[PDB]
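The next block holds one structure in the form of structure tokens; read it before the comments.
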Amino acid sequence: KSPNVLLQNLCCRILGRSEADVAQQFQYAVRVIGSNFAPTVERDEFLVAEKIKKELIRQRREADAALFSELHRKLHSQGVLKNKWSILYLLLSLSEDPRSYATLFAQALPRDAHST
Amino acid sequence: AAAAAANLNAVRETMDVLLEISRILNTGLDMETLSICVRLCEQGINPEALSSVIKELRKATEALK
Amino acid sequence: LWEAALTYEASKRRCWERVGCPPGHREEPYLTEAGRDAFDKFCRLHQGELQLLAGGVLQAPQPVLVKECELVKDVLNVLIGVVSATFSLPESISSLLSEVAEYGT
Amino acid sequence: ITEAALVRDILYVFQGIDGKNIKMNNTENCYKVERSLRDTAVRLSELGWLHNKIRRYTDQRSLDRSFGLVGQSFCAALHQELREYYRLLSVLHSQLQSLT
Amino acid sequence: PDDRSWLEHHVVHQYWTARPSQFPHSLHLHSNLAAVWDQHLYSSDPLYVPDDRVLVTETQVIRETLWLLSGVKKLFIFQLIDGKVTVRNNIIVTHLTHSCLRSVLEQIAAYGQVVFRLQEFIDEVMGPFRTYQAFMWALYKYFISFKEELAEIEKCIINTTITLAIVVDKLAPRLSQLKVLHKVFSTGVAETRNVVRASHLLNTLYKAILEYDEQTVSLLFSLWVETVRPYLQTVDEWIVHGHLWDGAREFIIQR
Amino acid sequence: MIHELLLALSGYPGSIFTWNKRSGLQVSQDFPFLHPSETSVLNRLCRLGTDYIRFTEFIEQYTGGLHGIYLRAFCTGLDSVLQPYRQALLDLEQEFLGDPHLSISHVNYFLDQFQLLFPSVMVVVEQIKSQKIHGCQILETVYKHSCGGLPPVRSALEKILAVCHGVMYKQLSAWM
């Protein structure tokens with residue numbers, strides 16, 4: 001598939017409507033995703049790994065934090081996920097709890113100190 | 001063929017391991033929506049853009065609920 | 001495309017001879033636990049054995065044909081009395097076929 | 001010398017068992033490598049040194065039935081915590097195949 | 001090609017027919033043990049004389065074993081040394097060293113010997129005694145229900161991989177009732193007159209019921225009824241007909 | 001290597017781990033293809049299996065001298081306590097067949113829980129062997145040891161005691 005109709009499928013998934021009932025949200029999606037396509041910051045899978053760890057310590061789950069580390073082992077045993085950093089950074093950003101500073105935690109380096 | 005169905009095995013496994021990772025972090029995406037997002041992530045795409053659009057669209061299906 | 005194909009099926013048996021997530025391929029049940037291919041093949045091979053042990057002077061071809069329903073129609077009509085290429089005035093079917101052909105004659 | 005041997009050895013001295021190129025040359029001292037990588041091991045070997053004390057203690061006092069209901073219930077807690085540490089160690093072994 | 005391929009499929013043809021094991025097998029350590037042990041022997045410098053046996057997989061032994069335990073026997077696994085079933089040590093599996101294999105197959109052959117002696121008893125009345133003849137029908141009634149369960153399990157192999165340690169524990173509440181009978185009938189297989197050979201057979205069951213006065217006890221009870229069955233007939237006959245006229249009798253008391 | 005092992009720890013020792021009644025399940029061949037330290041771990045794990053082998057032999061004969069209906073009621077509860085040591089040997093093997101990176105550490109971790117249940121019941125079986133305990137005084141040395149100090153043997157021995165008391169309600173029912 002071309003990427004644009006894949007963004008179209010995504011906007012048909014979250015919303016219950018089709019793309020004959022809305023064209024502003026999908027145009028907003030093509031506005032933001034386009035010209036900011038394909039990662040330009042640090043993309044090691046270790047950096048995002050230490051932040052889902054940070055989250056499961058804060059939820060007081062030590063069994064799930066070590067269950068994850070074996071789910072993290074299986075991704076490395078197979079090795080079929082092409083961008084291991086991105087889809088986990090995405091799932092980390094959409095996290096919510098089941099139930100002062102924070103910029104001194106790990107942040108992906110921006111890479112404007114290097115011409116890329 | 002066969003080894004391309006063994007590749008289908010190594011993708012059907014990973015699609016369940018991420019499904020465990022999705023529920024322990026309790027993201028709102030079910031397996032169908034996550035299926036669009038993993039194909040997007042294969043092509044190379046900024047999660048800092050995508051999470052903003054998902055947090056935008058989820059803010060418009062609870063505003064038009 | 002890949003998650004369309006992802007929903008494929010696989011066997012219950014897991015290999016004791018492959019490790020690394022075998023999806024299995026089923027060791028194929030015994031020959032007396034199959035039939036109407038294996039039954040026909042068994043009949044054909046025994047018939048060919050008999051032909052070799054004679055020299056070709058015996059001649060029983062057709063390891064299949066006749067099936068059940070056509071023979072049942074012919075035997076329903078032989079009690080009226082009819083001739084064909086099956087009546088005149090598998091291989092064990094000759095034993096059952098004579099006992100009910102002679103009834104109609 | 002390669003890094004892989006030390007990484008595979010050091011995950012066993014946390015149980016308190018010597019590796020191949022990691023040996024304990026003195027009882028009082030913690031686990032020693034047999035240059036900077038050699039220096040790194042001192043902070044990691046403190047864990048195996050501390051582990052030996054609790055493990056030896058819940059070995060002896062658990063099967064001491066003149067040590068009372070309290071003390072064997074103490075051993076239960078100590079042994080179960082050492083168990084949850086072995087849970088961690090099992091994962092760390094499995095994530096090999098060298099890891100720093 | 002057309003008949004050999006169908007044959008190669010259905011009948012496995014690697015442990016009763018000289019043809020090595022053919023499979024898309026790769027085997028990683030968890031089951032690759034026998035090759036690993038042979039390589040360990042070679043690295044430890046024998047030096048020569050390899051270990052070569054006919055090489056079966058695991059699930060095949062399971063199907064064979066279920067068939068043995070139902071009450072039919074003679075397979076290509078399990079050689080007889082006087083008629084007692086024991087491990088055929090010309091067959092190796094892809095794992096289990098050939099020595100641990102020896103132990104696990106030894107336990108199941110130890111179970112199979114008891115079923116062999118019970119089946120030879122059932123055979124020795126069909127080629128009457130009127131007590132042995134009445135005992136084999138009870139033994140037969142147990143074996144019918146046993147064989148049905150084992151045959152239905154075999155169908156679910158065609159539809160699933162199973163190993164030896166599963167089928168021993170799965171069939172525990174039947175092999176447990178049989179182990180008690182292995183102690184009771186061993187004194188009931190020690191046979192002058194036909195009425196004392198019936199009394200000594202009947203009395204071991206009579207004492208084994210009072211010993212456990214449980215699920216093996218209902219087995220002993222159902223077996224005891226089927227050999228007090230001739231005695232009730234003869235005692236009724238001695239009373240109401242005014243005579244009992246049988247050879248030396250089927251009742252203990254003589255006139 | 002774990003199908004020999006999860007059968008060596010049960011009642012099938014093999015030529016590698018040599019069973020003995022003075023101390024069984026000892027390695028007789030050091031494998032160079034394994035890690036050098038792992039063998040020590042294995043021997044520690046092997047301790048558990050030695051007890052399970054001895055426990056089976058005592059149950060194999062049963063079900064004045066040591067014999068009676070009491071010894072066939074101790075064994076009956078000993079069956080039920082030993083059942084999650086049979087199931088936990090098959091379930092691991094089911095896990096191992098797909099996953100290739102898994103190791104001995106998982107088994108050591110998971111079968112650590114019976115090195116508190118098994119040794120505190122080992123003295124109970126050894127005492128009934130070493131003393132002439134076949135009478136009505138068997139229930140005393142169960143009910144004195146059932147108080148325990150550890151939670152597995154705290155709840156285990158009561159299940160065993162129930163069967164022996166159920167035997168004591170067959171004599172005392174025909175009596176009474």
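A note on labels: chains of the structure tokens are A, B, ... as shown, every chain counts residues from 1, and ligands are counted from 1 in their shown order.
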
May I have the residues of chain B within 12 Å of chain F, counting only C-alpha atoms, written as an MDAnalysis selection string? chainID B and resid 9:10 13

Residues of the last selection are to be written out with N, CA and C atoms, as an mmCIF file, in the first residue's frame.
data_model
loop_
_atom_site.group_PDB
_atom_site.id
_atom_site.type_symbol
_atom_site.label_atom_id
_atom_site.label_comp_id
_atom_site.auth_asym_id
_atom_site.auth_seq_id
_atom_site.Cartn_x
_atom_site.Cartn_y
_atom_site.Cartn_z
ATOM 1 N N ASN B 9 4.657 -16.923 10.616
ATOM 2 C CA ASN B 9 4.676 -17.363 12.002
ATOM 3 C C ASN B 9 5.416 -16.373 12.903
ATOM 4 N N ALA B 10 6.585 -15.905 12.468
ATOM 5 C CA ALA B 10 7.326 -14.923 13.242
ATOM 6 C C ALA B 10 6.668 -13.544 13.255
ATOM 7 N N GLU B 13 3.484 -14.185 15.894
ATOM 8 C CA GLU B 13 3.951 -14.209 17.283
ATOM 9 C C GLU B 13 4.183 -12.800 17.823
#

Write out as number ranges by chain the residues lying within 8 Å of region 165-173 of chain F, counting only C-alpha atoms and excluding same-chain residues fewer than 4 positions away. E: 213; F: 69-70, 73, 139, 161

Contact check, chain D to chain F, at most 8 Å, counting only C-alpha atoms, closest pairs as a Markdown table:
| residue | atom | partner | partner_atom | distance |
| --- | --- | --- | --- | --- |
| D:9 | CA | F:37 | CA | 8.0 |
| D:12 | CA | F:37 | CA | 7.4 |
| D:17 | CA | F:37 | CA | 6.8 |
| D:18 | CA | F:37 | CA | 6.8 |
| D:19 | CA | F:37 | CA | 5.7 |
| D:20 | CA | F:36 | CA | 6.8 |
| D:62 | CA | F:150 | CA | 7.9 |
| D:63 | CA | F:120 | CA | 7.2 |
| D:65 | CA | F:149 | CA | 7.6 |
| D:68 | CA | F:149 | CA | 7.0 |
| D:69 | CA | F:149 | CA | 4.7 |
| D:70 | CA | F:149 | CA | 7.4 |
| D:72 | CA | F:149 | CA | 5.1 |
| D:73 | CA | F:150 | CA | 6.0 |
| D:76 | CA | F:150 | CA | 6.4 |
| D:83 | CA | F:109 | CA | 6.3 |
| D:86 | CA | F:109 | CA | 5.8 |
| D:87 | CA | F:109 | CA | 6.1 |
| D:89 | CA | F:105 | CA | 7.4 |
| D:90 | CA | F:105 | CA | 4.9 |
| D:93 | CA | F:103 | CA | 7.4 |
| D:94 | CA | F:101 | CA | 5.5 |
| D:95 | CA | F:101 | CA | 7.6 |
| D:96 | CA | F:101 | CA | 7.9 |
| D:97 | CA | F:101 | CA | 7.9 |

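What separates CA of residue 58 (chain E) from CA of residue 30 (chain E) is a distance of 13.1 Å.
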
Tell me as JSON, numbers by chain which residues belonging to chain E come within 6 Å of chain F, counting only C-alpha atoms. {"E": [30, 33, 96, 99, 100, 103]}

So which bits of region 8-107 of chain F end up helix (DSSP H, G or I) when you DSSP the backbone, as a CSV table (one decimal) with N, CA and C atoms, in the first residue's frame?
chain,number,residue,atom,x,y,z
F,8,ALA,N,14.9,-37.1,34.6
F,8,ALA,CA,15.9,-37.5,35.6
F,8,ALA,C,15.4,-37.0,37.0
F,38,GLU,N,27.4,-24.1,35.5
F,38,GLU,CA,26.1,-24.6,35.4
F,38,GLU,C,25.9,-25.9,36.1
F,39,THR,N,27.0,-26.8,36.0
F,39,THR,CA,26.9,-28.1,36.6
F,39,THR,C,26.7,-28.1,38.1
F,40,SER,N,27.2,-27.1,38.8
F,40,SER,CA,27.0,-26.9,40.3
F,40,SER,C,25.5,-26.6,40.5
F,41,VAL,N,25.0,-25.7,39.7
F,41,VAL,CA,23.5,-25.4,39.8
F,41,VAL,C,22.7,-26.7,39.6
F,42,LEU,N,23.1,-27.5,38.6
F,42,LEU,CA,22.4,-28.7,38.3
F,42,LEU,C,22.4,-29.6,39.5
F,43,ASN,N,23.5,-29.8,40.2
F,43,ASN,CA,23.6,-30.7,41.3
F,43,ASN,C,22.7,-30.2,42.5
F,44,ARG,N,22.7,-28.9,42.7
F,44,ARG,CA,21.8,-28.3,43.7
F,44,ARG,C,20.3,-28.7,43.4
F,45,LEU,N,20.0,-28.5,42.1
F,45,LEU,CA,18.6,-28.8,41.6
F,45,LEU,C,18.4,-30.3,41.8
F,46,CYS,N,19.4,-31.1,41.6
F,46,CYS,CA,19.3,-32.6,41.6
F,46,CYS,C,18.9,-33.1,43.0
F,47,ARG,N,19.2,-32.3,44.0
F,47,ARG,CA,18.9,-32.7,45.4
F,47,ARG,C,17.4,-33.0,45.5
F,48,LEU,N,16.5,-32.1,44.9
F,48,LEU,CA,15.1,-32.2,45.0
F,48,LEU,C,14.6,-33.6,44.4
F,49,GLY,N,15.2,-33.9,43.3
F,49,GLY,CA,14.7,-35.1,42.6
F,49,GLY,C,15.1,-36.4,43.4
F,50,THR,N,16.2,-36.4,44.1
F,50,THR,CA,16.6,-37.5,44.9
F,50,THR,C,15.5,-37.9,45.9
F,51,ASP,N,14.9,-36.8,46.5
F,51,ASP,CA,13.8,-37.0,47.5
F,51,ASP,C,12.6,-37.6,46.8
F,52,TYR,N,12.3,-37.1,45.6
F,52,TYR,CA,11.1,-37.6,44.9
F,52,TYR,C,11.2,-39.0,44.5
F,53,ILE,N,12.5,-39.5,44.2
F,53,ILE,CA,12.6,-40.8,43.8
F,53,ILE,C,12.4,-41.7,45.1
F,54,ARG,N,12.9,-41.3,46.2
F,54,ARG,CA,12.8,-42.1,47.4
F,54,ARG,C,11.3,-42.2,47.9
F,55,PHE,N,10.7,-41.0,47.8
F,55,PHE,CA,9.2,-40.9,48.1
F,55,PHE,C,8.4,-41.8,47.2
F,56,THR,N,8.8,-42.1,46.0
F,56,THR,CA,8.0,-43.0,45.1
F,56,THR,C,8.2,-44.4,45.6
F,57,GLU,N,9.4,-44.8,46.0
F,57,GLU,CA,9.6,-46.2,46.4
F,57,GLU,C,8.8,-46.6,47.6
F,58,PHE,N,8.8,-45.8,48.6
F,58,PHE,CA,7.9,-46.0,49.7
F,58,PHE,C,6.5,-46.1,49.4
F,59,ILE,N,6.0,-45.4,48.3
F,59,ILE,CA,4.6,-45.5,47.9
F,59,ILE,C,4.4,-46.8,47.1
F,60,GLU,N,5.5,-47.2,46.4
F,60,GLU,CA,5.4,-48.4,45.5
F,60,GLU,C,5.0,-49.7,46.2
F,61,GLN,N,5.6,-49.9,47.4
F,61,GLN,CA,5.3,-51.1,48.1
F,61,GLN,C,3.9,-51.1,48.7
F,71,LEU,N,-0.1,-47.5,57.2
F,71,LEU,CA,0.9,-47.2,56.2
F,71,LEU,C,0.3,-47.1,54.8
F,72,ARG,N,-0.9,-47.6,54.6
F,72,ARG,CA,-1.6,-47.4,53.4
F,72,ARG,C,-2.6,-46.2,53.4
F,73,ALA,N,-2.5,-45.4,54.4
F,73,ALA,CA,-3.2,-44.1,54.5
F,73,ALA,C,-2.3,-42.9,54.6
F,74,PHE,N,-1.1,-43.1,55.1
F,74,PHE,CA,0.0,-42.1,55.0
F,74,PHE,C,0.4,-41.9,53.6
F,75,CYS,N,0.5,-43.0,52.8
F,75,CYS,CA,0.9,-43.0,51.4
F,75,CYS,C,-0.2,-42.3,50.6
F,76,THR,N,-1.4,-42.5,51.0
F,76,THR,CA,-2.5,-41.9,50.2
F,76,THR,C,-2.6,-40.4,50.2
F,77,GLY,N,-2.3,-39.8,51.3
F,77,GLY,CA,-2.1,-38.3,51.4
F,77,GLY,C,-0.8,-37.9,50.7
F,78,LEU,N,0.3,-38.7,50.9
F,78,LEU,CA,1.5,-38.5,50.2
F,78,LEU,C,1.4,-38.5,48.7
F,79,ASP,N,0.4,-39.2,48.1
F,79,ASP,CA,0.1,-39.0,46.7
F,79,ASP,C,-0.3,-37.6,46.4
F,80,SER,N,-1.3,-37.0,47.2
F,80,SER,CA,-1.8,-35.7,46.8
F,80,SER,C,-0.8,-34.6,47.0
F,81,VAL,N,0.1,-34.8,48.0
F,81,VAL,CA,1.1,-33.7,48.1
F,81,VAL,C,2.1,-33.8,47.0
F,84,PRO,N,1.6,-31.8,42.4
F,84,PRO,CA,2.2,-30.6,41.7
F,84,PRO,C,3.7,-30.8,41.5
F,85,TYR,N,4.3,-31.8,41.9
F,85,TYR,CA,5.7,-32.1,41.4
F,85,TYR,C,5.6,-33.0,40.1
F,86,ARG,N,4.5,-33.6,39.8
F,86,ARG,CA,4.4,-34.3,38.5
F,86,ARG,C,3.9,-33.3,37.4
F,87,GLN,N,3.0,-32.4,37.7
F,87,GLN,CA,2.5,-31.5,36.7
F,87,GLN,C,3.5,-30.4,36.4
F,88,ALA,N,4.3,-30.0,37.4
F,88,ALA,CA,5.3,-29.0,37.1
F,88,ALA,C,6.5,-29.5,36.4
F,89,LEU,N,6.5,-30.8,36.1
F,89,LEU,CA,7.6,-31.3,35.3
F,89,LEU,C,7.2,-31.5,33.8
F,90,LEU,N,5.9,-31.6,33.5
F,90,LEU,CA,5.4,-31.6,32.2
F,90,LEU,C,5.2,-30.2,31.6
F,91,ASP,N,4.7,-29.3,32.5
F,91,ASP,CA,4.4,-28.0,32.0
F,91,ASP,C,5.6,-27.2,31.5
F,92,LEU,N,6.8,-27.4,32.2
F,92,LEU,CA,8.0,-26.8,31.7
F,92,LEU,C,8.5,-27.3,30.4
F,93,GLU,N,8.3,-28.6,30.2
F,93,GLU,CA,8.7,-29.2,28.9
F,93,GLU,C,7.8,-28.7,27.8
F,94,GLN,N,6.5,-28.4,28.0
F,94,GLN,CA,5.6,-27.8,27.1
F,94,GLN,C,6.1,-26.4,26.8
F,95,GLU,N,6.6,-25.7,27.8
F,95,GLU,CA,7.2,-24.3,27.5
F,95,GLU,C,8.4,-24.4,26.6
F,96,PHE,N,9.3,-25.4,26.9
F,96,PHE,CA,10.6,-25.4,26.3
F,96,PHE,C,10.7,-25.7,24.8
F,104,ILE,N,18.5,-23.3,32.3
F,104,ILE,CA,18.4,-24.1,33.6
F,104,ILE,C,17.9,-23.2,34.7
F,105,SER,N,18.2,-21.9,34.6
F,105,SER,CA,17.8,-21.0,35.7
F,105,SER,C,16.3,-20.9,35.9
F,106,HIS,N,15.5,-21.0,34.8
F,106,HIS,CA,14.1,-21.0,35.0
F,106,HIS,C,13.6,-22.2,35.8
F,107,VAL,N,14.2,-23.4,35.5
F,107,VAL,CA,13.8,-24.6,36.2
F,107,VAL,C,14.2,-24.5,37.7

Long-range neighbours of region 200-210 of chain E as a compact mmCIF listing (two decimals) with N, CA, C and O atoms, in the first residue's frame, 7 Å cut-off, only C-alpha atoms, 6 positions minimum in chain:
# COMPACT_ATOMS: atom_id res chain seq x y z
N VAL E 184 -3.77 -59.15 44.41
CA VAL E 184 -4.83 -60.07 44.82
C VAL E 184 -4.83 -61.31 43.94
O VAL E 184 -4.93 -62.44 44.43
N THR E 187 -2.16 -64.43 44.21
CA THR E 187 -2.52 -65.57 45.04
C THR E 187 -3.76 -66.29 44.53
O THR E 187 -4.07 -67.38 45.03
N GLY E 188 -4.46 -65.72 43.56
CA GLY E 188 -5.56 -66.38 42.89
C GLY E 188 -5.17 -67.06 41.59
O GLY E 188 -6.02 -67.67 40.95
N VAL E 217 -11.95 -50.98 45.45
CA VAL E 217 -12.76 -51.93 46.20
C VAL E 217 -14.04 -52.28 45.44
O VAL E 217 -14.52 -53.41 45.53
N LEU E 220 -12.96 -54.97 43.09
CA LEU E 220 -12.86 -56.26 43.78
C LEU E 220 -14.24 -56.86 44.07
O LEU E 220 -14.45 -58.07 43.93
N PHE E 221 -15.20 -56.00 44.41
CA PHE E 221 -16.57 -56.42 44.70
C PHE E 221 -17.26 -56.98 43.46
O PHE E 221 -17.87 -58.07 43.49
N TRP E 224 -15.81 -60.32 42.65
CA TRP E 224 -16.17 -61.37 43.59
C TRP E 224 -17.54 -61.95 43.30
O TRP E 224 -17.79 -63.16 43.51
N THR E 227 -17.77 -64.81 40.58
CA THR E 227 -17.31 -66.15 40.89
C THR E 227 -17.97 -66.75 42.12
O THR E 227 -17.75 -67.94 42.39

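Considering only C-alpha atoms, the residue among F:159, F:129, F:134, F:154 positioned nearest to residue 67 (chain F) is F:134.
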
Test item: residues at most 7 Å from region 23-33 of chain B, only C-alpha atoms, excluding those fewer than 6 positions along its chain, as a PyMOL selection string: chain A and resi 10+13-14+91+94-98

For the residues selected in the previous step, produce a file with N, CA, C and O atoms as a PDB file, in the first residue's frame.
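Done, and the output landed in result39.pdb:
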ATOM      1  N   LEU A  10      -6.127   4.319   9.082  1.00  0.00           N
ATOM      2  CA  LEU A  10      -6.011   4.704  10.492  1.00  0.00           C
ATOM      3  C   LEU A  10      -7.123   5.654  10.919  1.00  0.00           C
ATOM      4  O   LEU A  10      -7.689   5.510  12.011  1.00  0.00           O
ATOM      5  N   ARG A  13     -10.172   3.877  11.439  1.00  0.00           N
ATOM      6  CA  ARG A  13     -10.200   2.923  12.552  1.00  0.00           C
ATOM      7  C   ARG A  13     -10.604   3.570  13.877  1.00  0.00           C
ATOM      8  O   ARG A  13     -11.481   3.053  14.580  1.00  0.00           O
ATOM      9  N   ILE A  14      -9.937   4.670  14.254  1.00  0.00           N
ATOM     10  CA  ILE A  14     -10.218   5.344  15.528  1.00  0.00           C
ATOM     11  C   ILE A  14     -11.634   5.902  15.528  1.00  0.00           C
ATOM     12  O   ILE A  14     -12.452   5.593  16.402  1.00  0.00           O
ATOM     13  N   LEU A  91       3.455   3.270  21.703  1.00  0.00           N
ATOM     14  CA  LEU A  91       2.658   2.643  22.744  1.00  0.00           C
ATOM     15  C   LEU A  91       2.981   3.236  24.109  1.00  0.00           C
ATOM     16  O   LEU A  91       2.112   3.300  24.984  1.00  0.00           O
ATOM     17  N   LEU A  94       0.995   6.585  24.286  1.00  0.00           N
ATOM     18  CA  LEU A  94      -0.433   6.415  24.495  1.00  0.00           C
ATOM     19  C   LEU A  94      -0.747   5.654  25.774  1.00  0.00           C
ATOM     20  O   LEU A  94      -1.859   5.138  25.915  1.00  0.00           O
ATOM     21  N   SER A  95       0.204   5.580  26.705  1.00  0.00           N
ATOM     22  CA  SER A  95      -0.009   4.838  27.939  1.00  0.00           C
ATOM     23  C   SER A  95      -0.965   5.564  28.870  1.00  0.00           C
ATOM     24  O   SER A  95      -0.987   6.795  28.945  1.00  0.00           O
ATOM     25  N   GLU A  96      -1.757   4.778  29.591  1.00  0.00           N
ATOM     26  CA  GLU A  96      -2.508   5.282  30.728  1.00  0.00           C
ATOM     27  C   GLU A  96      -2.549   4.192  31.787  1.00  0.00           C
ATOM     28  O   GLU A  96      -2.492   3.001  31.464  1.00  0.00           O
ATOM     29  N   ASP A  97      -2.606   4.622  33.044  1.00  0.00           N
ATOM     30  CA  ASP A  97      -2.504   3.724  34.187  1.00  0.00           C
ATOM     31  C   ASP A  97      -3.714   2.797  34.250  1.00  0.00           C
ATOM     32  O   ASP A  97      -4.850   3.260  34.079  1.00  0.00           O
ATOM     33  N   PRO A  98      -3.520   1.491  34.464  1.00  0.00           N
ATOM     34  CA  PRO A  98      -4.679   0.638  34.777  1.00  0.00           C
ATOM     35  C   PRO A  98      -5.300   0.953  36.126  1.00  0.00           C
ATOM     36  O   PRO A  98      -6.482   0.646  36.330  1.00  0.00           O
TER      37      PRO A  98
END

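Near region 106-114 of chain A, within a cut-off of 12 Å and counting only C-alpha atoms, sit the residues residues 39, 40, 41, 42, 43, 44, 45, 46, 47, 48, 49, 50, 51, 52, 53, 54, 85, 86 and 89 of chain A; 47 and 48 of chain B, with same-chain residues fewer than 5 positions away left out.
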
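CA of residue 96 (chain C) is found 14.7 Å from CA of residue 79 (chain C).
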
Using only C-alpha atoms, determine which residues of chain E fall within 7 Å of chain C; present them as a list in words. residues 9, 10, 11, 25, 26, 27, 28, 31, 57, 58, 158, 160 and 161 of chain E

Can I get the selected residues back with N, CA and C atoms, as an mmCIF file, in the first residue's frame?
data_model
loop_
_atom_site.group_PDB
_atom_site.id
_atom_site.type_symbol
_atom_site.label_atom_id
_atom_site.label_comp_id
_atom_site.auth_asym_id
_atom_site.auth_seq_id
_atom_site.Cartn_x
_atom_site.Cartn_y
_atom_site.Cartn_z
ATOM 1 N N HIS E 9 3.902 -42.012 3.543
ATOM 2 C CA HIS E 9 3.030 -41.185 4.371
ATOM 3 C C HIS E 9 2.345 -41.956 5.486
ATOM 4 N N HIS E 10 1.436 -42.861 5.108
ATOM 5 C CA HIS E 10 0.447 -43.372 6.056
ATOM 6 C C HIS E 10 1.087 -44.282 7.088
ATOM 7 N N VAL E 11 1.688 -45.312 6.613
ATOM 8 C CA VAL E 11 2.585 -46.150 7.381
ATOM 9 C C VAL E 11 3.905 -45.386 7.455
ATOM 10 N N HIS E 25 13.477 -32.367 9.792
ATOM 11 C CA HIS E 25 13.878 -32.155 11.170
ATOM 12 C C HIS E 25 15.133 -31.304 11.226
ATOM 13 N N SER E 26 15.167 -30.437 12.244
ATOM 14 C CA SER E 26 16.354 -29.583 12.496
ATOM 15 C C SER E 26 16.769 -29.884 13.936
ATOM 16 N N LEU E 27 15.809 -29.889 14.879
ATOM 17 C CA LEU E 27 16.045 -30.266 16.308
ATOM 18 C C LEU E 27 16.958 -29.290 17.063
ATOM 19 N N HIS E 28 16.417 -28.541 18.030
ATOM 20 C CA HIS E 28 17.290 -27.703 18.852
ATOM 21 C C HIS E 28 17.225 -28.256 20.272
ATOM 22 N N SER E 31 15.193 -31.210 22.383
ATOM 23 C CA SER E 31 14.884 -32.574 21.973
ATOM 24 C C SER E 31 16.002 -33.213 21.156
ATOM 25 N N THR E 57 10.934 -41.318 16.314
ATOM 26 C CA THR E 57 10.472 -40.144 17.047
ATOM 27 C C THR E 57 9.723 -40.583 18.313
ATOM 28 N N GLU E 58 9.068 -39.630 18.990
ATOM 29 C CA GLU E 58 8.450 -39.873 20.296
ATOM 30 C C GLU E 58 6.980 -40.303 20.228
ATOM 31 N N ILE E 158 -4.704 -38.488 15.742
ATOM 32 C CA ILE E 158 -4.891 -38.151 14.334
ATOM 33 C C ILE E 158 -5.388 -36.718 14.187
ATOM 34 N N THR E 160 -2.303 -33.765 17.337
ATOM 35 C CA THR E 160 -1.931 -33.581 18.735
ATOM 36 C C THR E 160 -0.746 -34.470 19.101
ATOM 37 N N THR E 161 0.317 -33.864 19.626
ATOM 38 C CA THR E 161 1.471 -34.614 20.096
ATOM 39 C C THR E 161 1.334 -34.911 21.587
#

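Excluding residue 51 (chain E) and any residue on its chain fewer than 2 positions from it, the residues at most 9 Å away by only C-alpha atoms are residues 38, 49 and 53 of chain E.
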
I need the residues from that last selection saved to file as a PDB file, in the first residue's frame (with N, CA, C and O atoms), if you can.
ATOM      1  N   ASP E  38      25.770 -38.560  21.259  1.00  0.00           N
ATOM      2  CA  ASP E  38      26.711 -39.211  20.349  1.00  0.00           C
ATOM      3  C   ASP E  38      27.916 -38.319  20.067  1.00  0.00           C
ATOM      4  O   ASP E  38      29.067 -38.782  20.090  1.00  0.00           O
ATOM      5  N   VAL E  49      33.697 -47.148  16.781  1.00  0.00           N
ATOM      6  CA  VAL E  49      32.532 -47.977  17.136  1.00  0.00           C
ATOM      7  C   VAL E  49      31.341 -47.089  17.484  1.00  0.00           C
ATOM      8  O   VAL E  49      31.045 -46.874  18.670  1.00  0.00           O
ATOM      9  N   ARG E  53      21.315 -47.172  16.013  1.00  0.00           N
ATOM     10  CA  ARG E  53      20.032 -47.845  16.122  1.00  0.00           C
ATOM     11  C   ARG E  53      19.082 -47.221  15.108  1.00  0.00           C
ATOM     12  O   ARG E  53      19.445 -46.301  14.372  1.00  0.00           O
TER      13      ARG E  53
END

Please find the residues of chain A near chain C - the criterion being any atom within 12 Å, counting only C-alpha atoms - and write them as a list in words. residues 1, 6, 74, 77 and 78 of chain A

Take the residues just selected and output them with C-alpha atoms as a CSV table (one decimal), in the first residue's frame.
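This is the output file again16.csv:
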chain,number,residue,atom,x,y,z
A,1,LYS,CA,0.0,0.0,0.0
A,6,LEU,CA,-2.7,3.8,5.2
A,74,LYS,CA,11.5,-12.6,22.2
A,77,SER,CA,15.3,-13.7,19.3
A,78,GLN,CA,13.2,-13.4,16.2

Give me, as an NGL selection string, all polymer residues having an atom no more than 10 Å from residue 4 (chain A), counting only C-alpha atoms and skipping those fewer than 5 positions away in the same chain. (:A and (9-10 or 26 or 29-30 or 33-34)) or (:B and (40))

At most 8 Å to chain B: residues in chain C, only C-alpha atoms, as a ChimeraX atom specification: /C:2-3,5-7

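Distance-wise, CA of residue 143 (chain F) and CA of residue 61 (chain D) end up 22.1 Å apart.
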